[PDB]
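One file, data_17.txt, is given below (compact mmCIF, C-alpha atoms).
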```
# COMPACT_ATOMS: atom_id res chain seq x y z
CA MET A 5 0.00 0.00 0.00
CA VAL A 6 0.96 3.66 -0.41
CA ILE A 7 2.51 5.17 2.72
CA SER A 8 2.12 8.95 2.89
CA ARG A 9 2.99 11.58 5.46
CA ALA A 10 0.23 12.87 7.79
CA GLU A 11 -1.50 9.47 7.53
CA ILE A 12 -2.42 7.39 10.59
CA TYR A 13 -1.87 3.63 10.67
CA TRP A 14 -2.12 0.78 13.15
CA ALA A 15 1.18 -0.85 13.99
CA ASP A 16 2.82 -3.27 16.41
CA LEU A 17 5.27 -1.45 18.67
CA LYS A 27 1.16 -3.69 21.58
CA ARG A 28 -0.96 -2.61 18.61
CA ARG A 29 -1.12 1.19 18.73
CA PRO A 30 -1.77 4.01 16.23
CA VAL A 31 1.04 6.00 14.67
CA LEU A 32 1.25 9.15 12.54
CA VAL A 33 3.67 8.99 9.61
CA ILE A 34 6.18 11.84 9.80
CA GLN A 35 8.76 10.50 7.33
CA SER A 36 8.77 12.57 4.14
CA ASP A 37 7.04 11.19 1.07
CA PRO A 38 10.32 10.97 -0.95
CA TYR A 39 11.68 8.47 1.59
CA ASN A 40 8.27 6.81 1.86
CA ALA A 41 8.23 6.13 -1.90
CA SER A 42 11.91 5.12 -1.95
CA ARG A 43 13.16 1.55 -1.49
CA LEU A 44 13.89 2.33 2.19
CA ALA A 45 12.45 -0.47 4.33
CA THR A 46 11.77 1.81 7.34
CA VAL A 47 9.22 4.55 8.04
CA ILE A 48 9.52 7.08 10.89
CA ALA A 49 6.36 7.84 12.87
CA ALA A 50 5.14 9.53 16.04
CA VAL A 51 3.05 7.52 18.48
CA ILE A 52 -0.59 8.48 19.04
CA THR A 53 -1.89 7.89 22.56
CA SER A 54 -5.44 7.78 23.86
CA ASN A 55 -4.30 9.30 27.18
CA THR A 56 -5.33 12.89 26.45
CA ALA A 57 -3.44 14.05 29.56
CA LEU A 58 -0.30 14.00 27.41
CA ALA A 59 -1.72 17.03 25.58
CA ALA A 60 -0.35 19.12 28.46
CA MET A 61 3.18 18.13 27.43
CA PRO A 62 4.44 20.94 25.15
CA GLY A 63 4.65 20.08 21.46
CA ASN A 64 2.12 17.24 21.58
CA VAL A 65 -1.02 17.74 19.49
CA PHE A 66 -4.62 17.00 20.50
CA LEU A 67 -6.68 15.17 17.86
CA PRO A 68 -10.48 14.96 18.22
CA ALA A 69 -12.04 11.64 17.26
CA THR A 70 -14.11 13.48 14.65
CA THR A 71 -10.82 14.47 13.00
CA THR A 72 -9.06 11.09 12.83
CA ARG A 73 -11.98 8.63 12.45
CA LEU A 74 -10.39 6.94 15.48
CA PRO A 75 -12.51 5.48 18.31
CA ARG A 76 -11.63 8.15 20.91
CA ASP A 77 -9.90 11.50 21.24
CA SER A 78 -6.15 11.13 20.88
CA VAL A 79 -2.84 12.98 21.24
CA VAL A 80 0.20 12.92 18.96
CA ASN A 81 3.19 12.47 21.29
CA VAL A 82 6.05 14.15 19.43
CA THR A 83 8.50 12.96 22.11
CA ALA A 84 7.70 9.32 21.26
CA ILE A 85 9.20 8.72 17.81
CA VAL A 86 9.56 5.20 16.42
CA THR A 87 11.12 3.73 13.28
CA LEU A 88 8.99 0.90 11.89
CA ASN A 89 9.20 -1.44 8.94
CA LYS A 90 6.86 -0.35 6.16
CA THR A 91 5.45 -3.89 6.38
CA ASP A 92 4.36 -3.29 9.98
CA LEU A 93 1.81 -0.70 8.79
CA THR A 94 -1.51 -2.50 8.41
CA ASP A 95 -4.94 -0.85 8.32
CA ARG A 96 -4.89 2.87 7.58
CA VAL A 97 -7.04 4.97 9.91
CA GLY A 98 -7.18 8.29 8.09
CA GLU A 99 -5.33 11.56 7.73
CA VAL A 100 -4.47 14.57 9.89
CA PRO A 101 -5.62 17.94 8.46
CA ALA A 102 -3.07 20.49 7.31
CA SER A 103 -3.60 22.82 10.29
CA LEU A 104 -3.08 20.12 12.91
CA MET A 105 -0.22 18.66 10.88
CA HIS A 106 1.36 22.12 11.00
CA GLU A 107 1.02 22.03 14.78
CA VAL A 108 2.71 18.60 14.73
CA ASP A 109 5.52 19.96 12.54
CA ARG A 110 6.14 22.84 14.93
CA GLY A 111 6.16 20.46 17.89
CA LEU A 112 8.65 18.19 16.13
CA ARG A 113 10.97 21.09 15.28
CA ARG A 114 10.69 22.16 18.92
CA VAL A 115 11.58 18.78 20.43
CA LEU A 116 14.35 18.08 17.88
CA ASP A 117 15.93 21.57 17.75
CA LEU A 118 15.18 21.85 14.04
CA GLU B 3 26.89 6.98 34.89
CA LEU B 4 24.59 9.92 35.64
CA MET B 5 26.29 12.72 33.63
CA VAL B 6 24.12 15.27 31.81
CA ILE B 7 21.87 14.25 28.91
CA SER B 8 22.76 16.99 26.43
CA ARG B 9 22.17 17.26 22.71
CA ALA B 10 24.96 16.51 20.23
CA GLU B 11 26.32 14.02 22.77
CA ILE B 12 27.01 10.38 21.91
CA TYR B 13 26.08 7.63 24.34
CA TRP B 14 26.11 3.85 24.50
CA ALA B 15 22.67 2.31 24.80
CA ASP B 16 20.84 -1.00 24.57
CA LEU B 17 18.53 -1.03 21.55
CA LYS B 27 22.42 -4.95 21.48
CA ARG B 28 24.67 -2.19 22.85
CA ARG B 29 25.14 0.40 20.09
CA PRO B 30 26.05 4.10 19.99
CA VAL B 31 23.41 6.79 19.63
CA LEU B 32 23.49 10.53 19.04
CA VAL B 33 21.11 12.62 21.14
CA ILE B 34 18.90 14.77 18.91
CA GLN B 35 16.21 15.69 21.45
CA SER B 36 16.31 19.38 22.32
CA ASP B 37 17.92 20.39 25.60
CA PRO B 38 14.68 21.85 27.09
CA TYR B 39 13.12 18.38 26.90
CA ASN B 40 16.41 16.76 27.95
CA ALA B 41 16.41 18.79 31.18
CA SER B 42 12.69 18.21 31.76
CA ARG B 43 11.21 15.28 33.67
CA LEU B 44 10.54 13.50 30.35
CA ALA B 45 11.65 9.91 30.88
CA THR B 46 12.42 9.45 27.16
CA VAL B 47 15.19 10.87 24.98
CA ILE B 48 15.11 10.81 21.18
CA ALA B 49 18.31 9.71 19.43
CA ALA B 50 19.66 8.73 16.02
CA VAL B 51 21.51 5.44 15.61
CA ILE B 52 25.22 5.54 14.78
CA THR B 53 26.51 2.65 12.67
CA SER B 54 30.07 1.55 11.98
CA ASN B 55 29.11 0.55 8.42
CA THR B 56 30.59 3.60 6.67
CA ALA B 57 28.91 2.58 3.40
CA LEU B 58 25.74 4.18 4.78
CA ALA B 59 27.45 7.56 4.36
CA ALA B 60 26.39 7.38 0.70
CA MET B 61 22.73 7.37 1.77
CA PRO B 62 21.54 10.99 1.57
CA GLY B 63 21.17 12.78 4.89
CA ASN B 64 23.44 10.45 6.86
CA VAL B 65 26.56 12.05 8.33
CA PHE B 66 30.08 10.60 8.51
CA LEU B 67 31.83 10.94 11.89
CA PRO B 68 35.60 10.30 12.12
CA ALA B 69 36.74 8.33 15.14
CA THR B 70 39.18 11.13 15.97
CA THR B 71 36.22 13.49 16.34
CA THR B 72 33.86 11.31 18.41
CA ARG B 73 36.37 9.26 20.47
CA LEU B 74 34.36 6.26 19.23
CA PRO B 75 36.07 2.92 18.46
CA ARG B 76 35.84 3.24 14.67
CA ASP B 77 34.75 5.70 12.02
CA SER B 78 30.98 5.92 12.12
CA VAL B 79 27.91 7.24 10.32
CA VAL B 80 24.84 8.89 11.82
CA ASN B 81 21.86 7.19 10.16
CA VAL B 82 19.18 9.89 10.22
CA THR B 83 16.56 7.42 8.98
CA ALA B 84 17.03 5.28 12.13
CA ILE B 85 15.51 7.27 14.99
CA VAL B 86 14.82 5.68 18.39
CA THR B 87 13.18 6.89 21.60
CA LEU B 88 15.03 5.58 24.66
CA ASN B 89 14.64 5.96 28.40
CA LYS B 90 17.13 8.43 29.87
CA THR B 91 18.21 5.57 32.15
CA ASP B 92 19.26 3.50 29.12
CA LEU B 93 22.05 5.97 28.34
CA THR B 94 25.17 4.57 29.98
CA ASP B 95 28.74 5.64 29.22
CA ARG B 96 29.07 8.98 27.46
CA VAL B 97 31.40 8.87 24.47
CA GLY B 98 31.83 12.53 23.54
CA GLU B 99 30.26 15.23 21.41
CA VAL B 100 29.67 15.98 17.74
CA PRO B 101 30.98 19.39 16.60
CA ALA B 102 28.52 22.08 15.60
CA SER B 103 29.23 21.71 11.86
CA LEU B 104 28.60 17.96 11.71
CA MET B 105 25.53 18.35 13.94
CA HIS B 106 24.28 20.98 11.50
CA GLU B 107 24.65 18.44 8.71
CA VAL B 108 22.70 16.02 10.92
CA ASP B 109 20.01 18.69 11.43
CA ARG B 110 19.70 19.21 7.68
CA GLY B 111 19.40 15.47 7.10
CA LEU B 112 16.72 15.25 9.80
CA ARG B 113 14.77 18.16 8.30
CA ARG B 114 14.96 16.40 4.93
CA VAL B 115 13.79 12.98 6.11
CA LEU B 116 11.07 14.49 8.34
CA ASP B 117 9.94 17.26 5.93
CA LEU B 118 10.82 19.95 8.47
```
Mind turning this structure into structure tokens?
Amino acid sequence: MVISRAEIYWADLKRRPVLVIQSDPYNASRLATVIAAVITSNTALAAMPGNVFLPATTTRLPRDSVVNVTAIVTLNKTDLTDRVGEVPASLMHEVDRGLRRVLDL
Amino acid sequence: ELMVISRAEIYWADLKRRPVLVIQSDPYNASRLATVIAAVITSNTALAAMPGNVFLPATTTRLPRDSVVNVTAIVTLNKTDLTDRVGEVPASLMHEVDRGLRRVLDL
């Protein structure tokens, strides 16, 4: 399947949701890996600076979620199973700013 | 083995004990955050051809051998997992690492 940035997938880390943050050039390349940020259902992590709150109406996920930009994982592209949906441009911009903040970029 | 978890520093960690380069910003490094984000450092210098990766001489890092920062291999470790500190990456090579990270993460 086609792996794109800003997309949410289910993956085995247990089975949790992740947001693809690897750029689409590397996603389309022959690179076996894909970098992603973990999405938690514990909304209390939204207080942590840089993390991004995602309503369940936005992600088509069961519950409200939070992108934890301090929890970055490198997965095999094969580990990505069902796709959940996509994060809108505005919230993805918030995620980008959080990532630049936590990574000094 | 307490030291100070600072950016641009190289540590040994169990991912298999391998070296990692801290890329998490120092505000989060000083915070109570249990995790620390790092890029894996390989001794396979052939990965220096991969775009974005950064070659690190052993004279610069005080590492056993010449190494390469693989900016496509990013791991989130517990601050406790960082054991012996190896040294620090100069500002110029860390800037190259930053550019590679911005490229692979569209930042």
Compute the set of chain B residues within 12 Å of chain A, using only C-alpha atoms, and express it as a CSV table (one decimal) with C-alpha atoms, keeping the file's coordinate frame.
```csv
chain,number,residue,atom,x,y,z
B,8,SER,CA,22.8,17.0,26.4
B,9,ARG,CA,22.2,17.3,22.7
B,10,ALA,CA,25.0,16.5,20.2
B,32,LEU,CA,23.5,10.5,19.0
B,33,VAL,CA,21.1,12.6,21.1
B,34,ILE,CA,18.9,14.8,18.9
B,35,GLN,CA,16.2,15.7,21.4
B,36,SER,CA,16.3,19.4,22.3
B,37,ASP,CA,17.9,20.4,25.6
B,38,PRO,CA,14.7,21.8,27.1
B,39,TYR,CA,13.1,18.4,26.9
B,40,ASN,CA,16.4,16.8,28.0
B,41,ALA,CA,16.4,18.8,31.2
B,42,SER,CA,12.7,18.2,31.8
B,43,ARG,CA,11.2,15.3,33.7
B,44,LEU,CA,10.5,13.5,30.4
B,45,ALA,CA,11.6,9.9,30.9
B,46,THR,CA,12.4,9.4,27.2
B,47,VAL,CA,15.2,10.9,25.0
B,48,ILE,CA,15.1,10.8,21.2
B,49,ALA,CA,18.3,9.7,19.4
B,50,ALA,CA,19.7,8.7,16.0
B,51,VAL,CA,21.5,5.4,15.6
B,61,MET,CA,22.7,7.4,1.8
B,62,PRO,CA,21.5,11.0,1.6
B,63,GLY,CA,21.2,12.8,4.9
B,81,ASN,CA,21.9,7.2,10.2
B,82,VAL,CA,19.2,9.9,10.2
B,83,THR,CA,16.6,7.4,9.0
B,84,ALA,CA,17.0,5.3,12.1
B,85,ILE,CA,15.5,7.3,15.0
B,86,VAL,CA,14.8,5.7,18.4
B,87,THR,CA,13.2,6.9,21.6
B,88,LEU,CA,15.0,5.6,24.7
B,89,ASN,CA,14.6,6.0,28.4
B,105,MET,CA,25.5,18.4,13.9
B,106,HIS,CA,24.3,21.0,11.5
B,107,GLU,CA,24.6,18.4,8.7
B,108,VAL,CA,22.7,16.0,10.9
B,109,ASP,CA,20.0,18.7,11.4
B,110,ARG,CA,19.7,19.2,7.7
B,111,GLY,CA,19.4,15.5,7.1
B,112,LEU,CA,16.7,15.2,9.8
B,113,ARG,CA,14.8,18.2,8.3
B,114,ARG,CA,15.0,16.4,4.9
B,115,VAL,CA,13.8,13.0,6.1
B,116,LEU,CA,11.1,14.5,8.3
B,117,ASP,CA,9.9,17.3,5.9
B,118,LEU,CA,10.8,20.0,8.5
```
CA of residue 54 in chain A to CA of residue 28 in chain A, distance in Å rounded to a single decimal: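 Here the two named atoms are 12.5 Å from each other.
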If you count all atoms listed in the file, the residue of A:106, A:64, A:111, A:53 closest to residue 14 in chain A turns out to be A:53
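Pairwise distance (CA of residue 70 in chain B, CA of residue 17 in chain B) equals 24.6 Å.
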Using all atoms listed in the file, which residues sit within 8 Å of residue 99 in chain A once same-chain residues fewer than 6 positions away are excluded, as a list in words?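 Once the adjacent positions are removed, what remains is residues 10, 11, 12 and 72 of chain A.
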Between CA of residue 76 in chain B and CA of residue 57 in chain B - distance in Å to one decimal: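 CA of residue 57 in chain B sits 13.2 Å away from CA of residue 76 in chain B.
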The residue from B:67, B:100, B:60, B:31 with the smallest atom-to-atom distance to residue 79 in chain B, counting only C-alpha atoms, is B:67
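Taking all atoms listed in the file into account, residue 94 in chain A lies nearest to A:15 out of the set A:69, A:31, A:74, A:15.
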As an mmCIF file, in the coordinates of the input, could you write out range 93-118 of chain B once it has been completed with N, CA, C and O atoms?
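Generated file (result_14.cif):
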```
data_model
loop_
_atom_site.group_PDB
_atom_site.id
_atom_site.type_symbol
_atom_site.label_atom_id
_atom_site.label_comp_id
_atom_site.auth_asym_id
_atom_site.auth_seq_id
_atom_site.Cartn_x
_atom_site.Cartn_y
_atom_site.Cartn_z
ATOM 1 N N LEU B 93 20.793 5.371 28.763
ATOM 2 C CA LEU B 93 22.050 5.970 28.340
ATOM 3 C C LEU B 93 23.102 5.698 29.403
ATOM 4 O O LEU B 93 22.984 6.167 30.542
ATOM 5 N N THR B 94 24.134 4.944 29.033
ATOM 6 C CA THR B 94 25.170 4.570 29.980
ATOM 7 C C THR B 94 26.379 5.464 29.753
ATOM 8 O O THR B 94 26.270 6.690 29.850
ATOM 9 N N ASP B 95 27.521 4.868 29.418
ATOM 10 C CA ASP B 95 28.740 5.640 29.220
ATOM 11 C C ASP B 95 28.553 6.713 28.159
ATOM 12 O O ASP B 95 27.970 6.463 27.100
ATOM 13 N N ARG B 96 29.023 7.922 28.460
ATOM 14 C CA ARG B 96 29.070 8.980 27.460
ATOM 15 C C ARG B 96 30.359 8.853 26.672
ATOM 16 O O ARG B 96 31.421 8.583 27.235
ATOM 17 N N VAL B 97 30.271 9.063 25.364
ATOM 18 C CA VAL B 97 31.400 8.870 24.470
ATOM 19 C C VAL B 97 32.079 10.191 24.115
ATOM 20 O O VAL B 97 33.303 10.250 23.993
ATOM 21 N N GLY B 98 31.297 11.247 23.951
ATOM 22 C CA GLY B 98 31.830 12.530 23.540
ATOM 23 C C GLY B 98 30.745 13.338 22.858
ATOM 24 O O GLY B 98 29.556 13.098 23.063
ATOM 25 N N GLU B 99 31.179 14.275 22.018
ATOM 26 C CA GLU B 99 30.260 15.230 21.410
ATOM 27 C C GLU B 99 30.591 15.442 19.946
ATOM 28 O O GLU B 99 31.753 15.383 19.535
ATOM 29 N N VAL B 100 29.548 15.703 19.164
ATOM 30 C CA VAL B 100 29.670 15.980 17.740
ATOM 31 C C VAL B 100 29.813 17.483 17.552
ATOM 32 O O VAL B 100 29.016 18.252 18.110
ATOM 33 N N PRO B 101 30.819 17.947 16.813
ATOM 34 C CA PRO B 101 30.980 19.390 16.600
ATOM 35 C C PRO B 101 29.747 20.014 15.966
ATOM 36 O O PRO B 101 28.892 19.339 15.391
ATOM 37 N N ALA B 102 29.671 21.340 16.095
ATOM 38 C CA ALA B 102 28.520 22.080 15.600
ATOM 39 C C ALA B 102 28.295 21.873 14.106
ATOM 40 O O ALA B 102 27.150 21.786 13.655
ATOM 41 N N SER B 103 29.370 21.838 13.316
ATOM 42 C CA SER B 103 29.230 21.710 11.860
ATOM 43 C C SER B 103 28.616 20.363 11.472
ATOM 44 O O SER B 103 27.673 20.298 10.666
ATOM 45 N N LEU B 104 29.118 19.274 12.059
ATOM 46 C CA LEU B 104 28.600 17.960 11.710
ATOM 47 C C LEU B 104 27.186 17.775 12.258
ATOM 48 O O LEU B 104 26.340 17.144 11.615
ATOM 49 N N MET B 105 26.903 18.349 13.433
ATOM 50 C CA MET B 105 25.530 18.350 13.940
ATOM 51 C C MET B 105 24.607 19.174 13.058
ATOM 52 O O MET B 105 23.423 18.855 12.950
ATOM 53 N N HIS B 106 25.112 20.236 12.433
ATOM 54 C CA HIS B 106 24.280 20.980 11.500
ATOM 55 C C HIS B 106 23.951 20.135 10.282
ATOM 56 O O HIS B 106 22.823 20.166 9.778
ATOM 57 N N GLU B 107 24.932 19.378 9.797
ATOM 58 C CA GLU B 107 24.650 18.440 8.710
ATOM 59 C C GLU B 107 23.603 17.421 9.140
ATOM 60 O O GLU B 107 22.708 17.063 8.360
ATOM 61 N N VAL B 108 23.698 16.946 10.386
ATOM 62 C CA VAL B 108 22.700 16.020 10.920
ATOM 63 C C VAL B 108 21.323 16.681 10.950
ATOM 64 O O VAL B 108 20.314 16.056 10.608
ATOM 65 N N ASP B 109 21.265 17.941 11.391
ATOM 66 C CA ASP B 109 20.010 18.690 11.430
ATOM 67 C C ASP B 109 19.385 18.784 10.050
ATOM 68 O O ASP B 109 18.169 18.636 9.893
ATOM 69 N N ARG B 110 20.203 19.096 9.044
ATOM 70 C CA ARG B 110 19.700 19.210 7.680
ATOM 71 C C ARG B 110 19.167 17.875 7.178
ATOM 72 O O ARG B 110 18.101 17.815 6.550
ATOM 73 N N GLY B 111 19.895 16.791 7.457
ATOM 74 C CA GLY B 111 19.400 15.470 7.100
ATOM 75 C C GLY B 111 18.081 15.139 7.770
ATOM 76 O O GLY B 111 17.180 14.575 7.145
ATOM 77 N N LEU B 112 17.959 15.476 9.058
ATOM 78 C CA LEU B 112 16.720 15.250 9.800
ATOM 79 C C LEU B 112 15.565 16.045 9.206
ATOM 80 O O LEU B 112 14.455 15.525 9.039
ATOM 81 N N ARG B 113 15.804 17.326 8.917
ATOM 82 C CA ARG B 113 14.770 18.160 8.300
ATOM 83 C C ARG B 113 14.341 17.580 6.965
ATOM 84 O O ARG B 113 13.159 17.645 6.602
ATOM 85 N N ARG B 114 15.289 17.018 6.213
ATOM 86 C CA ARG B 114 14.960 16.400 4.930
ATOM 87 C C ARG B 114 14.099 15.154 5.110
ATOM 88 O O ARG B 114 13.074 14.995 4.436
ATOM 89 N N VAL B 115 14.503 14.250 6.007
ATOM 90 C CA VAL B 115 13.790 12.980 6.110
ATOM 91 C C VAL B 115 12.457 13.151 6.836
ATOM 92 O O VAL B 115 11.550 12.323 6.672
ATOM 93 N N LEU B 116 12.287 14.241 7.584
ATOM 94 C CA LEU B 116 11.070 14.490 8.340
ATOM 95 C C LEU B 116 10.235 15.625 7.751
ATOM 96 O O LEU B 116 9.221 16.008 8.346
ATOM 97 N N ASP B 117 10.633 16.159 6.595
ATOM 98 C CA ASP B 117 9.940 17.260 5.930
ATOM 99 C C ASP B 117 9.759 18.455 6.875
ATOM 100 O O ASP B 117 8.672 19.020 7.011
ATOM 101 N N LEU B 118 10.850 18.837 7.530
ATOM 102 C CA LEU B 118 10.820 19.950 8.470
ATOM 103 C C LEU B 118 11.747 21.079 8.029
ATOM 104 O O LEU B 118 11.856 22.107 8.700
#
```
